[PDB]
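When the chains are written out, they are named A, B, C and D in that same order, and each has its own residue count from 1.
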Amino acid sequence: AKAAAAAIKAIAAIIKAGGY
Amino acid sequence: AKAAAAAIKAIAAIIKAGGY
Amino acid sequence: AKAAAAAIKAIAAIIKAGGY
Amino acid sequence: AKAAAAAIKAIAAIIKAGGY
């Protein structure tokens, strides 16, 4: 469940930034 | 899609490290 | 990398619905 | 965070199938 912050909190912010 | 193998890299590795 | 706007695009909504 | 091994399990298979 560590994974289930750290990966998500990266990706849901990197999505916003990345412009996917 | 430029965001892809710039985030996904740092995610598919983090999946493994995270232990999903 | 064209795997992009199919995968993440669903997943960013599935995130919001998932309550991650 | 129980949204994890539903949406992640899709994504880690969509990665493999997608060729990111």
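Quick notes on this one:
Throughout what follows, a residue touches a chain if its C-beta (ideal position, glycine included) is under 8 Å from a C-beta of that chain, and two chains touch if they have at least 3 such contacts.
Note that among the pairs A-D, B-C or B-D, B-D reproduces the A-C interface, with over half of its contact pairs the same by residue number.
Each of C-D and B-D has its own count of C-beta contacts, and the greater count is at C-D.
Put simply, the C-alpha centre of subunit B and that of subunit D have 11 angstrom between them.
Each chain gets a centre from the mean of its Cα atoms; for subunit C and subunit D, those two points are 10 Å apart.
Each of residues 1-5, 15, 20 in subunit C touches at least two other chains. Note for the complex: subunit D touches subunit C at residues 1-4, 6-7, 10-11, 14-15, 17-20. Listing the residues of subunit C that touch subunit A in their complex gives 4-5, 8-9, 12, 15, 20.
By the touch rule above, subunit B contacts subunit C in their complex via residues 1, 3-5.
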